[PDB]
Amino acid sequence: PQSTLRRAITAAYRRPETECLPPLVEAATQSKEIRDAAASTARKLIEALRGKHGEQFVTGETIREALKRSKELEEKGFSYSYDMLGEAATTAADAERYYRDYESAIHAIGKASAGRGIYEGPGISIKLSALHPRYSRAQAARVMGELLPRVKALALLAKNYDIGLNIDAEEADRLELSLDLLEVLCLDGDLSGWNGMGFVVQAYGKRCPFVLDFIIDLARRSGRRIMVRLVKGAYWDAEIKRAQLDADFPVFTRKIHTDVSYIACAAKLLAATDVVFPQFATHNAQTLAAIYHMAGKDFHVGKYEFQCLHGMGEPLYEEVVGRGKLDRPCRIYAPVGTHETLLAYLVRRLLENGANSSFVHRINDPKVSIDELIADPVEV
């Protein structure tokens, strides 16, 4: 099981950052016309954002509460991806409870979807670390064989309701295990005809483009239109600190390299909308504007969508969704759970929202101009 696509992923794992960049810079360079139009859109979005000035990140405690609070934005053009927030299960009983929480959430979301299907209707997202009691500490062999039956059962339930089921991306050293899991699922005949299988790839990772080449080819040969959520990445501080402890990082160390990687990978995804459903997860108005223009004038629901986190993205995406704005859909990621189960997620939201490098921090920073906010990362 060492195809040329899989070898390319494994070969990029800790490739020197300096060598990772030129392909990304070239794949991320857009025409002057697209850059100019994206700068104009980005400026307009940012001017709207600056115009109108952890509970905010939790949609509700139960899926029933989250579903009721979602109708308002759903009729404005938003969709949802619900996550029964759990992660880093340390016990078998914890992994079982999270599973039964995901299982019952799928039933509630599936019934609420009511045949809207994978693009117009809500979906679910899961973290594999919630479903295996020693996900980060167990060898991939034993982790695959105990986790695959559980994810399959969830994917079959999502298939039964025709909703999306997305596998979230966590630490860099679990990418390979989750990727072999996605391949087995996309080749499993019990899930045939269902295009709701989803997968996150993190653009701060040096493997991201090769992971996308692998997934694009996997979608094309398997006949599954894989939903690929492109995120920049939530675990940067932790990847750096694990790398320094265990000296080539699996992630970029300059934020701008992640930004270039994201755009490069978005171009690759946008060229493959026949076989994958790109889901561009970002709160960065510049990133959004670039993807919006990179995608061209042709759009239909199901071609691609944007995504955001609940409590972070609605002010930006209220300038995007709907016929009076940009008429592009956005799926809101909806964490569901108690405050205790979501602490680790809120920590990551603190790291994301509080970093001087984050768009969402800079947009409130009176030292940061709009010209700086609309800068094209490749140019910089």
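Note that residue numbering begins at 1 and tracks the sequence as displayed. Here the rigid core means the biggest group of C-alpha atoms that line up within 1.5 Å when the two forms are laid on top of each other.
> Fitting on the core, do the C-alphas of 299-307 or of 138-146 deviate more in 8 other deposited structures of this protein?
Checking 299-307 against 138-146 in 8 other deposited structures of this protein, I find the farther stretch is 138-146.
> Going by root mean square C-alpha distance after a core fit, say whether 339-347 or 313-321 is farther from the shown form in 8 other deposited structures of this protein.
Per-stretch check in 8 other deposited structures of this protein: the more divergent one is 339-347.
> Residues without coordinates, deposited sequence, stretch from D246 to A247: is the count none, 1 to 3, 4 to 9, or 10 or more?
The entry has a short gap there, with 1 to 3 residues left out between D246 and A247.
> In the deposited sequence, how many residues between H53 and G54 have no modelled coordinates (none, 1 to 3, 4 to 9, 10 or more)?
Unresolved stretch here: 10 or more residues.
> When the Cα temperature factors in the entry are averaged, is it 26-34 or 317-325 that ends up higher?
Of 26-34 and 317-325, the stretch with the higher C-alpha B-factor average is 26-34.
> Once you work out the mean C-alpha B-factor for both 326-334 and 64-72 from the entry, which is higher?
Mean B over CA atoms: larger for 64-72.
> Among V260, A289, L187, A281, which carries the highest Cα B-factor?
Most elevated C-alpha B-factor of the set, per the entry: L187.
> I'd like to know which of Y235, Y119, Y135, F306 has the highest C-alpha temperature factor in the PDB entry.
Most elevated C-alpha B-factor of the set, per the entry: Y135.
> Splitting the chain's C-alpha B-factors into thirds, which one does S129 fall into?
It belongs to the middle third of the chain when residues are ordered by C-alpha B-factor.
> Which third, lowest, middle or highest, does the CA B-factor of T273 fall in along this chain?
Its C-alpha B-factor belongs to the middle third of this chain's values.
> Can you work out whether the C-alpha temperature factor of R224 puts it in the lowest, middle or highest third of the chain?
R224: CA B-factor falls in the middle third of its chain.
> Looking at the temperature factor on the CA atom of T253, which third of the chain's modelled residues does it land in?
It belongs to the middle third of the chain when residues are ordered by C-alpha B-factor.
> Place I363 in the lowest, middle or highest third of its chain's C-alpha B-factors, as listed in the PDB entry.
Ranked within chain, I363 CA B lands in the middle tercile.
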